[PDB]
């Protein structure tokens, strides 16, 4: 069961980074690019530092599949954003993966419930 392909970025920003402008920039980027199906983010600067390792922000973009993600990485707006983003981060973890959809309150991966019904052609 897969709900799509996720581009996950966990970051710590440089001390002087203008985080609100960076966030406005991400909001603007995602709104302009149709291939981005979902975008959410959060900040955690409260939880334990031995487990968080100083990371403060996590951003999650979802795509219909890996091919759509690969295309997005070539999108000029994303390439430009990327270059600027490099300048304002202290550290980063990037993860790109097919999502295993295990539990959700609403349907996110319908095909997984029905693929058994495909006829056997051989």
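Residue numbers count along the first chain shown, from 1.
Trainee: For the higher mean C-alpha B factor in the entry, choose 91 to 99 or 45 to 53.
Mentor: Per the deposited B-factors, the answer is 45 to 53.
Trainee: Taking only the Cα B-factors deposited for this chain, tell me whether residue 37 sits in the lowest, middle or highest third.
Mentor: CA B-factor rank for residue 37: middle third.
Trainee: Sorting the chain's CA B-factors, does residue 83 end up in the lowest, middle or highest third?
Mentor: Ranked within chain, residue 83 CA B lands in the highest tercile.
Trainee: Please place residue 62 in the lowest, middle or highest third of its chain by C-alpha B factor as given in the entry.
Mentor: Tercile = lowest for this residue's CA B-factor.
Trainee: With respect to C-alpha B-factor, does residue 19 fall in the lowest, middle or highest third of the chain as deposited?
Mentor: Within its chain, residue 19 is a highest-third residue by C-alpha B-factor, going by the deposited values.
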